[PDB]
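J.: Contents are mmCIF, C-alpha atoms and all ligand atoms; file name model-v7.cif:
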data_work
loop_
_atom_site.label_atom_id
_atom_site.label_comp_id
_atom_site.auth_asym_id
_atom_site.auth_seq_id
_atom_site.Cartn_x
_atom_site.Cartn_y
_atom_site.Cartn_z
CA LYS C 20 -39.49 69.01 -45.54
CA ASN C 21 -41.85 69.54 -48.49
CA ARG C 22 -40.12 67.33 -51.09
CA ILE C 23 -41.70 64.25 -52.64
CA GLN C 24 -39.52 61.87 -54.69
CA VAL C 25 -41.54 59.35 -56.71
CA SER C 26 -39.73 56.04 -56.95
CA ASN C 27 -41.74 53.32 -55.13
CA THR C 28 -43.78 51.23 -57.56
CA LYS C 29 -45.88 49.90 -54.67
CA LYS C 30 -47.51 53.29 -54.01
CA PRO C 31 -50.94 54.20 -55.39
CA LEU C 32 -51.16 57.47 -57.34
CA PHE C 33 -53.31 59.07 -54.66
CA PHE C 34 -50.55 58.56 -52.06
CA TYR C 35 -48.56 61.19 -53.98
CA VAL C 36 -51.55 63.44 -54.75
CA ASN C 37 -52.59 63.45 -51.06
CA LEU C 38 -49.01 63.99 -49.82
CA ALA C 39 -48.67 66.95 -52.24
CA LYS C 40 -51.94 68.32 -50.81
CA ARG C 41 -50.65 67.87 -47.24
CA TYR C 42 -47.33 69.62 -48.02
CA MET C 43 -49.09 72.55 -49.80
CA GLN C 44 -51.38 72.88 -46.75
CA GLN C 45 -48.44 72.86 -44.32
CA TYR C 46 -45.80 74.77 -46.31
CA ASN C 47 -47.69 76.59 -49.10
CA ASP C 48 -45.51 74.82 -51.69
CA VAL C 49 -44.34 71.32 -52.53
CA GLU C 50 -41.53 70.02 -54.73
CA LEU C 51 -42.15 66.82 -56.74
CA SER C 52 -39.31 64.98 -58.43
CA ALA C 53 -38.85 61.76 -60.35
CA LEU C 54 -36.58 60.01 -62.82
CA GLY C 55 -37.37 58.02 -65.96
CA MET C 56 -40.54 55.94 -65.70
CA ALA C 57 -41.65 57.88 -62.63
CA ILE C 58 -41.90 61.18 -64.58
CA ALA C 59 -45.36 60.10 -65.80
CA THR C 60 -46.50 59.99 -62.13
CA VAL C 61 -45.27 63.50 -61.34
CA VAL C 62 -46.85 64.82 -64.57
CA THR C 63 -50.19 63.18 -63.62
CA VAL C 64 -50.15 64.45 -60.03
CA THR C 65 -49.50 67.95 -61.38
CA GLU C 66 -52.28 67.73 -63.96
CA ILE C 67 -54.70 66.57 -61.29
CA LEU C 68 -53.83 69.39 -58.87
CA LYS C 69 -54.13 71.98 -61.67
CA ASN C 70 -57.31 70.76 -63.37
CA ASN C 71 -59.03 70.41 -60.02
CA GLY C 72 -58.12 73.85 -58.79
CA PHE C 73 -55.68 73.02 -55.98
CA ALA C 74 -52.37 74.26 -57.31
CA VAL C 75 -50.49 76.70 -59.48
CA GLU C 76 -47.12 75.72 -60.87
CA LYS C 77 -44.14 77.92 -60.11
CA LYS C 78 -41.31 75.97 -61.69
CA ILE C 79 -41.03 72.90 -63.91
CA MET C 80 -37.36 71.88 -64.63
CA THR C 81 -36.65 68.77 -66.77
CA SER C 82 -33.06 67.72 -67.48
CA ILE C 83 -30.71 64.84 -68.15
CA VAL C 84 -28.61 63.80 -65.13
CA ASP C 85 -25.81 61.33 -64.57
CA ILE C 86 -26.60 58.47 -62.21
CA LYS C 87 -23.79 56.41 -60.69
CA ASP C 88 -24.07 52.83 -61.99
CA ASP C 89 -21.68 50.15 -60.71
CA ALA C 90 -22.69 47.34 -63.10
CA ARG C 91 -22.42 49.72 -66.10
CA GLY C 92 -18.93 50.90 -65.12
CA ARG C 93 -19.70 54.57 -65.82
CA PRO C 94 -22.76 56.74 -65.06
CA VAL C 95 -26.04 56.21 -66.87
CA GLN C 96 -28.09 59.14 -68.04
CA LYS C 97 -31.72 59.57 -67.01
CA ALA C 98 -34.31 62.27 -67.43
CA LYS C 99 -35.27 63.97 -64.17
CA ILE C 100 -38.28 66.28 -63.63
CA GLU C 101 -38.59 68.71 -60.71
CA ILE C 102 -41.92 70.51 -60.22
CA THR C 103 -42.66 73.18 -57.62
CA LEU C 104 -46.38 73.82 -56.99
CA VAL C 105 -47.91 76.44 -54.74
CA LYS C 106 -51.32 76.60 -53.17
CA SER C 107 -53.97 78.14 -55.39
CA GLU C 108 -56.42 80.77 -54.11
CA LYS C 109 -59.15 78.10 -54.16
CA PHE C 110 -57.16 75.39 -52.27
CA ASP C 111 -58.69 76.06 -48.85
CA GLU C 112 -62.26 76.27 -50.15
CA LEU C 113 -61.77 73.06 -52.12
CA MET C 114 -60.26 71.13 -49.20
CA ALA C 115 -63.19 72.32 -47.09
CA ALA C 116 -65.82 71.51 -49.75
CA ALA C 117 -64.41 67.97 -50.10
CA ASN C 118 -66.09 67.39 -46.75
CA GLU C 119 -69.08 69.75 -47.22
CA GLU C 120 -67.51 72.33 -44.90
CA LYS C 121 -67.51 75.47 -47.08
CA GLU C 122 -69.18 78.58 -45.56
CA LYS Z 19 -36.33 33.68 -59.17
CA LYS Z 20 -33.09 33.08 -61.19
CA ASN Z 21 -34.76 33.82 -64.56
CA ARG Z 22 -37.21 36.44 -63.21
CA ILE Z 23 -36.62 40.18 -63.75
CA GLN Z 24 -38.59 42.48 -61.41
CA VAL Z 25 -38.76 45.98 -62.85
CA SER Z 26 -38.80 48.44 -59.94
CA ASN Z 27 -35.73 50.68 -60.30
CA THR Z 28 -36.50 54.13 -61.74
CA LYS Z 29 -32.75 54.84 -62.11
CA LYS Z 30 -32.29 52.10 -64.71
CA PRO Z 31 -32.23 52.78 -68.49
CA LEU Z 32 -34.76 50.75 -70.50
CA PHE Z 33 -32.01 48.88 -72.30
CA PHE Z 34 -30.79 47.52 -68.90
CA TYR Z 35 -33.98 45.45 -68.78
CA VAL Z 36 -33.97 44.64 -72.51
CA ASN Z 37 -30.37 43.37 -72.36
CA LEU Z 38 -30.95 41.50 -69.10
CA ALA Z 39 -33.92 39.73 -70.69
CA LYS Z 40 -31.72 38.73 -73.63
CA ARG Z 41 -28.98 37.41 -71.32
CA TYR Z 42 -31.53 35.43 -69.28
CA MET Z 43 -33.00 33.90 -72.47
CA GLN Z 44 -29.48 32.87 -73.51
CA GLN Z 45 -29.12 30.82 -70.32
CA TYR Z 46 -32.62 29.68 -69.35
CA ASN Z 47 -34.36 29.83 -72.77
CA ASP Z 48 -37.18 31.71 -71.09
CA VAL Z 49 -37.51 34.73 -68.91
CA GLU Z 50 -40.15 36.09 -66.56
CA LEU Z 51 -40.68 39.86 -66.41
CA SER Z 52 -42.80 41.34 -63.60
CA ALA Z 53 -43.82 44.81 -62.40
CA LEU Z 54 -46.32 46.83 -60.45
CA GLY Z 55 -48.25 49.93 -61.35
CA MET Z 56 -46.09 52.57 -63.03
CA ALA Z 57 -43.48 49.92 -63.98
CA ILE Z 58 -45.95 47.94 -66.11
CA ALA Z 59 -45.26 50.38 -68.98
CA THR Z 60 -41.61 49.31 -68.94
CA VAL Z 61 -42.43 45.59 -69.04
CA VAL Z 62 -44.82 46.21 -71.93
CA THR Z 63 -42.19 48.15 -73.85
CA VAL Z 64 -39.47 45.55 -73.21
CA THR Z 65 -41.84 42.91 -74.55
CA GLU Z 66 -42.80 44.90 -77.66
CA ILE Z 67 -39.11 45.49 -78.44
CA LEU Z 68 -38.19 41.81 -78.07
CA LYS Z 69 -41.17 40.81 -80.21
CA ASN Z 70 -40.79 43.48 -82.94
CA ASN Z 71 -37.06 42.90 -83.31
CA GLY Z 72 -37.39 39.13 -83.62
CA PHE Z 73 -35.77 37.90 -80.35
CA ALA Z 74 -38.71 36.48 -78.45
CA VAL Z 75 -42.13 34.83 -78.43
CA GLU Z 76 -44.50 35.34 -75.52
CA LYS Z 77 -45.72 32.23 -73.68
CA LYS Z 78 -47.82 33.84 -70.92
CA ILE Z 79 -48.96 37.36 -70.05
CA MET Z 80 -50.83 37.58 -66.71
CA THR Z 81 -52.22 40.98 -65.39
CA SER Z 82 -53.99 41.03 -62.02
CA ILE Z 83 -54.73 43.24 -59.03
CA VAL Z 84 -52.74 42.43 -55.91
CA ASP Z 85 -52.86 43.55 -52.29
CA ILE Z 86 -49.80 45.31 -50.89
CA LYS Z 87 -49.58 45.55 -47.07
CA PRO Z 94 -53.88 47.23 -47.77
CA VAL Z 95 -53.51 49.07 -51.05
CA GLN Z 96 -54.30 47.50 -54.39
CA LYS Z 97 -51.91 47.63 -57.34
CA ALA Z 98 -51.93 46.16 -60.84
CA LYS Z 99 -49.17 43.61 -61.49
CA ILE Z 100 -48.10 42.19 -64.84
CA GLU Z 101 -46.17 38.93 -65.27
CA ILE Z 102 -44.85 38.13 -68.74
CA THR Z 103 -43.05 34.91 -69.73
CA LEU Z 104 -40.93 34.98 -72.90
CA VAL Z 105 -39.07 32.27 -74.77
CA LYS Z 106 -36.41 32.47 -77.45
CA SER Z 107 -37.64 32.84 -81.03
CA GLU Z 108 -36.21 30.76 -83.90
CA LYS Z 109 -34.01 33.76 -84.81
CA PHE Z 110 -32.65 34.49 -81.32
CA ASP Z 111 -29.30 32.67 -81.55
CA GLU Z 112 -28.49 34.23 -84.93
CA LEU Z 113 -29.47 37.72 -83.76
CA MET Z 114 -27.27 37.36 -80.70
CA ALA Z 115 -24.33 36.12 -82.79
CA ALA Z 116 -24.74 39.02 -85.25
CA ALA Z 117 -24.74 41.59 -82.41
CA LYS X 19 -68.90 49.21 -77.82
CA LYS X 20 -71.44 51.31 -75.79
CA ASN X 21 -69.82 50.45 -72.42
CA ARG X 22 -66.24 50.23 -73.75
CA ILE X 23 -63.73 53.06 -73.17
CA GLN X 24 -60.69 53.02 -75.49
CA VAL X 25 -57.88 55.10 -74.01
CA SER X 26 -55.94 56.66 -76.89
CA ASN X 27 -56.16 60.45 -76.48
CA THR X 28 -53.02 62.03 -75.02
CA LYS X 29 -54.85 65.37 -74.62
CA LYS X 30 -57.28 63.96 -72.04
CA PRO X 31 -56.81 64.39 -68.26
CA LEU X 32 -56.78 61.13 -66.28
CA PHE X 33 -59.99 62.04 -64.49
CA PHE X 34 -61.80 62.16 -67.90
CA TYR X 35 -61.36 58.39 -68.06
CA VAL X 36 -62.02 57.84 -64.34
CA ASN X 37 -65.28 59.81 -64.48
CA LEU X 38 -66.34 58.22 -67.77
CA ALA X 39 -65.83 54.78 -66.21
CA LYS X 40 -68.01 55.80 -63.27
CA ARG X 41 -70.77 57.11 -65.58
CA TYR X 42 -70.67 53.91 -67.67
CA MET X 43 -70.93 51.77 -64.50
CA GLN X 44 -73.96 53.82 -63.45
CA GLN X 45 -75.76 52.83 -66.67
CA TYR X 46 -74.41 49.42 -67.66
CA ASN X 47 -73.21 48.13 -64.25
CA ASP X 48 -69.96 47.17 -65.93
CA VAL X 49 -67.40 48.85 -68.08
CA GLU X 50 -64.66 47.70 -70.42
CA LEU X 51 -61.41 49.68 -70.53
CA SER X 52 -58.91 49.02 -73.33
CA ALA X 53 -55.58 50.45 -74.50
CA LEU X 54 -52.42 49.82 -76.45
CA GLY X 55 -48.80 50.29 -75.52
CA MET X 56 -48.14 53.62 -73.80
CA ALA X 57 -51.85 53.94 -72.86
CA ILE X 58 -51.82 50.75 -70.77
CA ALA X 59 -50.39 52.79 -67.87
CA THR X 60 -53.54 54.94 -67.90
CA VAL X 61 -55.89 51.94 -67.85
CA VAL X 62 -53.91 50.45 -64.96
CA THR X 63 -54.09 53.69 -63.00
CA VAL X 64 -57.83 54.15 -63.66
CA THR X 65 -58.36 50.63 -62.36
CA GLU X 66 -56.24 51.12 -59.24
CA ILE X 67 -58.13 54.33 -58.43
CA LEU X 68 -61.55 52.71 -58.84
CA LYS X 69 -60.44 49.75 -56.73
CA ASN X 70 -58.64 51.70 -53.96
CA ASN X 71 -61.46 54.22 -53.58
CA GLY X 72 -64.16 51.56 -53.32
CA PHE X 73 -66.11 52.07 -56.59
CA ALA X 74 -65.34 48.92 -58.52
CA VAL X 75 -64.45 45.23 -58.58
CA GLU X 76 -62.53 43.75 -61.50
CA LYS X 77 -64.14 40.87 -63.38
CA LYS X 78 -61.55 40.30 -66.13
CA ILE X 79 -58.10 41.66 -66.96
CA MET X 80 -56.73 40.39 -70.32
CA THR X 81 -53.21 41.50 -71.60
CA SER X 82 -52.03 40.20 -74.98
CA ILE X 83 -49.84 41.06 -77.95
CA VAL X 84 -51.71 42.12 -81.07
CA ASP X 85 -50.75 42.78 -84.68
CA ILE X 86 -51.33 46.29 -86.04
CA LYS X 87 -51.25 46.65 -89.85
CA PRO X 94 -47.23 44.39 -89.16
CA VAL X 95 -46.07 45.80 -85.86
CA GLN X 96 -46.80 44.16 -82.54
CA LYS X 97 -48.23 46.05 -79.58
CA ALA X 98 -49.37 45.06 -76.09
CA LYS X 99 -53.09 45.56 -75.45
CA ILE X 100 -54.89 45.46 -72.12
CA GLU X 101 -58.64 44.86 -71.72
CA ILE X 102 -60.12 45.34 -68.24
CA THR X 103 -63.75 44.68 -67.28
CA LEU X 104 -65.06 46.32 -64.10
CA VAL X 105 -68.35 46.01 -62.25
CA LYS X 106 -69.90 48.16 -59.55
CA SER X 107 -68.84 47.41 -55.98
CA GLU X 108 -71.38 47.16 -53.12
CA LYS X 109 -70.46 50.75 -52.17
CA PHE X 110 -70.74 52.30 -55.64
CA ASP X 111 -74.27 53.73 -55.42
CA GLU X 112 -73.61 55.31 -52.01
CA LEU X 113 -70.28 56.78 -53.14
CA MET X 114 -71.94 58.29 -56.20
CA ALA X 115 -74.78 59.75 -54.10
CA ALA X 116 -72.29 61.25 -51.62
CA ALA X 117 -70.29 62.91 -54.42
CA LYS A 20 -39.53 69.36 -91.05
CA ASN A 21 -37.64 67.84 -88.11
CA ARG A 22 -40.46 67.74 -85.52
CA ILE A 23 -41.85 64.54 -84.02
CA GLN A 24 -45.08 64.69 -81.98
CA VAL A 25 -45.76 61.51 -80.01
CA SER A 26 -49.46 60.80 -79.80
CA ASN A 27 -50.28 57.54 -81.66
CA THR A 28 -50.61 54.61 -79.26
CA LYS A 29 -50.29 52.18 -82.19
CA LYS A 30 -46.63 53.08 -82.82
CA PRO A 31 -43.76 50.99 -81.44
CA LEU A 32 -41.11 52.88 -79.45
CA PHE A 33 -38.49 52.26 -82.13
CA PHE A 34 -40.62 54.10 -84.72
CA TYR A 35 -39.86 57.29 -82.76
CA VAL A 36 -36.23 56.39 -81.98
CA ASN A 37 -35.55 55.64 -85.67
CA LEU A 38 -37.38 58.77 -86.88
CA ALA A 39 -35.33 60.88 -84.43
CA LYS A 40 -32.20 59.24 -85.86
CA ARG A 41 -33.33 59.99 -89.43
CA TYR A 42 -34.09 63.66 -88.61
CA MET A 43 -30.73 64.14 -86.80
CA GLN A 44 -29.01 62.61 -89.86
CA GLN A 45 -30.87 64.91 -92.27
CA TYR A 46 -31.08 68.13 -90.25
CA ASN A 47 -28.49 67.79 -87.44
CA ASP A 48 -31.26 68.32 -84.86
CA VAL A 49 -34.71 67.00 -84.06
CA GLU A 50 -37.51 68.31 -81.87
CA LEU A 51 -39.60 65.78 -79.89
CA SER A 52 -42.84 66.79 -78.21
CA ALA A 53 -45.63 65.07 -76.32
CA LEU A 54 -48.43 65.68 -73.86
CA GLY A 55 -49.49 63.78 -70.75
CA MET A 56 -49.08 60.01 -71.05
CA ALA A 57 -46.86 60.42 -74.11
CA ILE A 58 -44.16 62.30 -72.12
CA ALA A 59 -42.80 58.93 -70.93
CA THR A 60 -42.14 58.02 -74.60
CA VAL A 61 -40.21 61.21 -75.35
CA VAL A 62 -38.20 60.79 -72.12
CA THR A 63 -37.35 57.18 -73.10
CA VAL A 64 -36.37 58.06 -76.68
CA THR A 65 -34.09 60.76 -75.28
CA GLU A 66 -32.50 58.45 -72.72
CA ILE A 67 -31.85 55.88 -75.42
CA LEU A 68 -30.21 58.36 -77.80
CA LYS A 69 -28.03 59.74 -74.97
CA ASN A 70 -26.97 56.49 -73.30
CA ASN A 71 -26.13 54.98 -76.67
CA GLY A 72 -24.04 57.88 -77.85
CA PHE A 73 -26.21 59.27 -80.65
CA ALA A 74 -27.36 62.60 -79.30
CA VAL A 75 -26.68 65.58 -77.08
CA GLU A 76 -29.59 67.54 -75.68
CA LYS A 77 -29.78 71.25 -76.40
CA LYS A 78 -33.09 72.18 -74.83
CA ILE A 79 -35.65 70.42 -72.65
CA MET A 80 -38.77 72.60 -71.92
CA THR A 81 -41.64 71.15 -69.81
CA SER A 82 -44.73 73.25 -69.10
CA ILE A 83 -48.45 73.22 -68.44
CA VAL A 84 -50.58 74.22 -71.47
CA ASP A 85 -54.26 74.83 -72.03
CA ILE A 86 -55.95 72.42 -74.43
CA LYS A 87 -59.33 73.31 -75.97
CA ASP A 88 -61.91 70.81 -74.71
CA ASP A 89 -65.49 70.97 -76.00
CA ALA A 90 -67.04 68.37 -73.65
CA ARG A 91 -65.39 70.05 -70.63
CA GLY A 92 -66.69 73.51 -71.57
CA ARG A 93 -63.37 75.24 -70.83
CA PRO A 94 -59.75 74.26 -71.58
CA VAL A 95 -58.08 71.37 -69.80
CA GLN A 96 -54.52 71.64 -68.60
CA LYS A 97 -51.88 69.11 -69.65
CA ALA A 98 -48.16 68.82 -69.21
CA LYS A 99 -46.21 69.19 -72.46
CA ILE A 100 -42.51 68.35 -72.99
CA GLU A 101 -40.42 69.68 -75.88
CA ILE A 102 -36.91 68.26 -76.36
CA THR A 103 -34.37 69.41 -78.94
CA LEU A 104 -31.50 66.96 -79.59
CA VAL A 105 -28.50 67.46 -81.82
CA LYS A 106 -26.20 64.95 -83.40
CA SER A 107 -23.34 63.85 -81.18
CA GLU A 108 -19.74 63.65 -82.44
CA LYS A 109 -20.08 59.84 -82.43
CA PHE A 110 -23.42 59.68 -84.35
CA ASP A 111 -21.91 58.96 -87.77
CA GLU A 112 -19.49 56.33 -86.49
CA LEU A 113 -22.29 54.64 -84.54
CA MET A 114 -24.73 54.62 -87.48
CA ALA A 115 -21.94 53.13 -89.60
CA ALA A 116 -20.91 50.56 -86.96
CA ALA A 117 -24.54 49.39 -86.64
CA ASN A 118 -23.90 47.76 -90.01
CA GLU A 119 -20.18 46.95 -89.52
CA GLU A 120 -19.18 49.83 -91.81
CA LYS A 121 -16.76 51.80 -89.59
CA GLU A 122 -13.28 52.50 -91.08
K K S 201 -67.87 74.65 -41.80
K K S 202 -33.56 37.08 -60.97
K K S 203 -68.05 53.49 -75.96
K K S 204 -17.14 51.06 -94.88
#
Once more with this new file: its structure as structure tokens, please.
T.:
Amino acid sequence: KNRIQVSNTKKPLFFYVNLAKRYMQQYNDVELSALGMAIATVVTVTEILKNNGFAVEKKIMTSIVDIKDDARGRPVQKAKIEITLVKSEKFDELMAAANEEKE
Amino acid sequence: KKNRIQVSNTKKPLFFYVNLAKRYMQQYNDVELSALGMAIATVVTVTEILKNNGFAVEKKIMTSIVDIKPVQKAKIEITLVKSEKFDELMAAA
Amino acid sequence: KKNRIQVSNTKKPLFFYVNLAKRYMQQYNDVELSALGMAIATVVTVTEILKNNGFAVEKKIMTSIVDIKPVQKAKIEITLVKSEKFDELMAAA
Amino acid sequence: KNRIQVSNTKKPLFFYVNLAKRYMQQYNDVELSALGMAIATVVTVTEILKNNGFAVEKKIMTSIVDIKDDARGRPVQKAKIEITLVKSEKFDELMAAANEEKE
């Protein structure tokens, strides 16, 4: 329910940042994952959410996985990152303040 | 289309695209590489590799902002041709 | 030089470059962003953000291969200008 | 002695791949590290060395670190990756075969 897999090169960065914010709001945590070239996206989303006070990381796992590859004839190996973020203590205030709604 | 490589698969290893570019140059002489957004880095790297290792010469490198059904994304389009060393490098491989 | 941002520092957060571009546009109207190789992805992303969020319009996007004292690297050069909404977005911030 | 930090945007990818090969040849292992945008480089070097039979990973650590930042006035947070690779059992044969020197 709260998992985001980054793989669509058509999506703007803020699609993923905003989805991560929505999932943290709904579920308290969010899991981001990506392979290969998409790892830079997950890293950047995480940096943004940390530097701007929205999130605290709970788990960052990075590993090499086998990917089935028909044309190759045997699996290819790719790096995969998996990041779990939880809501920070400032998340609600910051989401409020975005729209000048802090009390 | 036949000699165009669109880079959009995060499951592929880099060398998939490097080798595909070399195979396309063997048949068509020239090769078009295109990508959006986060995939531009791969196209750039493919190009650098083919240039630095003596396989290719660039003919055209176009970067622009495009609308996707709308959101805006950067798109790169690179056209490469065989270098004077290409055939000998391929034979040596 | 004064209104050019070279992206080459891996220690910087993305929003360093996004905010610097916005500050430069406030003073100069327009801003040049440049990078090599692995940094091109950052320039692309900065640009997409400034376009998608209504701050900027692109005027020029140049990608080329350059010699570095030699090895060849891709280099992007983007020029942005303020959009019609820029001043109001900055005031609202 | 065997550490490679990826941070120079002037370097071609194969500078890092070839340095990693040299360090594995000399020391049996190599440590690759990078922050932020440079993580994609380390990931790609690792994929290359794995898919092509040169290396086996031993450790991949990915974390958020504080970076001193004068202009900011307090530290910024960046993702950092640290990858330790060791020579594979095929490394020597492959380095030989590169130059048609296998026996
Ligand atoms: K309120
Ligand atoms: K094709
Ligand atoms: K400047
Ligand atoms: K021999």
J.: Counting only C-alpha atoms, which residues come within 9 Å of (-34.0, 41.6, -74.4), with the point read in the file's coordinates, and could you list them as a PyMOL selection string?
T.: chain Z and resi 33-43+64-65+67-68+73-74
J.: Just want the residues within 9 Å of ligand K 203 (chain S), written as JSON, numbers by chain, counting only C-alpha atoms and all ligand atoms.
T.: {"X": [19, 20, 21, 22, 23, 24, 42, 50]}
J.: Residues at most 8 Å from ligand K 201 (chain S), using all atoms listed in the file? Could they come as a list in words?
T.: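 Based on all atoms listed in the file, ligand K 201 (chain S) is surrounded within 8 Å by residues 115, 119, 120, 121 and 122 of chain C.
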J.: As number ranges by chain, please: the residues near residue 32 in chain Z (cut-off 12 Å, only C-alpha atoms, same-chain neighbours under 2 positions excluded).
T.: C: 55-56, 95-98; Z: 25-30, 34-39, 57, 59-65, 67; A: 32, 59-60, 62-68, 70-71
J.: Could you list, as number ranges by chain, every residue of chain Z that has an atom within 12 Å of an atom of chain X, counting all atoms listed in the file?
T.: Z: 53-72, 74-86, 94-104
J.: Which residues come within 7 Å of range 21-27 of chain A, counting only C-alpha atoms, excluding same-chain residues fewer than 4 positions away, as a list in words?
T.: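 Residues near the query, excluding close chain neighbours: residues 28 of chain X; 42, 46, 49, 50, 51, 52, 53 and 57 of chain A.
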J.: If we count only C-alpha atoms, what is near residue 107 in chain C at a cut-off of 10 Å, once residues fewer than 6 positions away on the same chain are taken out, given as a ChimeraX atom specification?
T.: /C:43,47-48,68-69,72-76,113
J.: Might I get the box with edges along x, y and z of the file that holds all atoms of range 111-116 of chain C listed there, padded by 8 Å on every side, given as centre and edge lengths in Å to one decimal, as lines of an AutoDock Vina configuration file?
T.:
center_x = -62.3
center_y = 73.7
center_z = -49.6
size_x = 23.1
size_y = 21.1
size_z = 21.0
J.: What does the structure give for the distance between CA of residue 44 in chain C and CA of residue 82 in chain A, in Å to one decimal?
T.: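 Atom-to-atom, CA of residue 44 in chain C to CA of residue 82 in chain A, that is 23.3 Å.
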J.: Find, counting all atoms listed in the file, the residue in Z:117, Z:46, Z:87, Z:109 that gets nearest to ligand K 202 (chain S).
T.: Z:46
J.: Figure out the distance between CA of residue 118 in chain A and CA of residue 47 in chain Z, please, to one decimal in Å.
T.: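 Taking CA of residue 47 in chain Z as the start and CA of residue 118 in chain A as the end point, the length is 27.0 Å.
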J.: In Å, how far is it from CA of residue 44 in chain X to CA of residue 89 in chain A?
T.: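 Those two atoms sit 22.9 Å apart.
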J.: Go through Z:105, Z:112, Z:51, Z:31 and flag the residue nearest ligand K 202 (chain S), using only C-alpha atoms and all ligand atoms for the distances.
T.: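 Checking each of Z:105, Z:112, Z:51, Z:31 against ligand K 202 (chain S), counting only C-alpha atoms and all ligand atoms, the winner is Z:51.
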J.: Which residue gives the smallest distance to chain A among X:52, X:106, X:116, X:111, with only C-alpha atoms counted?
T.: X:52
J.: Which of these residues is nearest to chain X, using only C-alpha atoms: A:41, A:77, A:91, A:106?
T.: A:91
